[PDB]
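Remarks on the structure that follows.
All ligand and atom numbering here is 1-based and tracks the order in the structure. Along the sequence shown, residues carry numbers from 1. For the numbers below, each heavy atom of this structure counts, side chains included, while hydrogens, waters and symmetry mates do not.
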Amino acid sequence: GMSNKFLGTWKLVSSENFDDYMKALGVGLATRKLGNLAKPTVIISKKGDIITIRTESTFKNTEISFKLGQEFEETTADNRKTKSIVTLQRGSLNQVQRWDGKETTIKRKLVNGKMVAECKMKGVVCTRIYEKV
Ligand SMILES: CCCCCCCCCCCCCCCC(=O)O
């Protein structure tokens, strides 16, 4: 189901509109500044049917592990506690995070060998491109 082409180590090379996304999330200024400077490495691995996404940066490291279609609790890098679910749709790995009464999505898709993460919260859309390394 999940392309084994997602598996590996990915390095952020381009980020667009991420400041606005973080602002939408209520991330404060000092954290936004560091957040915008970060160029995370994302490591995607699979163990059976459990996918792990590890995000590594000087500022913050996060790690989520899940099975597709199974709701899980996540503590995000900005310390939201969300109820999250990851599914595949059309080859894209779609992550929905819900908390209080909000929702944000992170879609990860492979585009010509690169991984493109689109982060969306209502009208705010970020695009983050990663290179496989
Ligand atoms: C991601 C490391 C930087 C940390 C910035 C801290 C607050 C950011 C809010 C969390 C959003 C994470 C969005 C991830 C999208 C992606 O994988 O590229």
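Regarding atom 5 (C) of ligand 1, its nearest protein heavy-atom neighbour is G35 CA, 3.8 Å. Considering only non-hydrogen protein atoms, atom 1 (C) of ligand 1 sits nearest to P40 CG, 4.0 Å. Considering only non-hydrogen protein atoms, atom 3 (C) of ligand 1 sits nearest to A38 CB, 4.1 Å. The protein non-hydrogen atom at the shortest distance from atom 15 (C) of ligand 1 is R128 NE, 3.9 Å. With hydrogens left out, the protein atom closest to atom 17 (O) of ligand 1 is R108 NH2, 3.1 Å, a heavy atom. With hydrogens left out, the protein atom closest to atom 13 (C) of ligand 1 is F18 CE1, 3.9 Å, a heavy atom. Here the protein heavy atom with the shortest distance to atom 7 (C) of ligand 1 is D78 CB, 3.8 Å.
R128 contributes atom CZ, which lies 10.0 Å from atom OH of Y21 (distance to the nearest 0.5 angstrom).
Within 6.0 Å of atom NZ in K109, 12 or fewer heavy atoms from other residues, nucleotides or ligands are found, so the atom counts as exposed in its surroundings.
Put simply, the side chain of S57 gets close to the backbone of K60: a donor and an acceptor are under 3.5 Å apart. In terms of modelled atom types and a separation under 3.5 Å, the side chain of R54 and the main chain of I43 share no donor-acceptor contact.
Contact annotation: the side chain of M2 approaches that of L93 to within less than 4.5 Å [non-hydrogen atoms, C-beta and beyond].
Within 4.0 Å of atom 9 (C) of ligand 1, at least one protein heavy atom is present.
Using a cut-off of 4.0 Å between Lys/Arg side-chain N and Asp/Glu carboxylate O, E103 and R98 are scored as salt-bridged.
Checking each of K11, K114, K39 against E131 for a salt bridge (charged side-chain N to carboxylate O under 4.0 Å, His left out) leaves exactly one that passes, namely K114.
On a distance-only criterion, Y130 and ligand 1 share at least one N/O pair closer than 3.5 Å.
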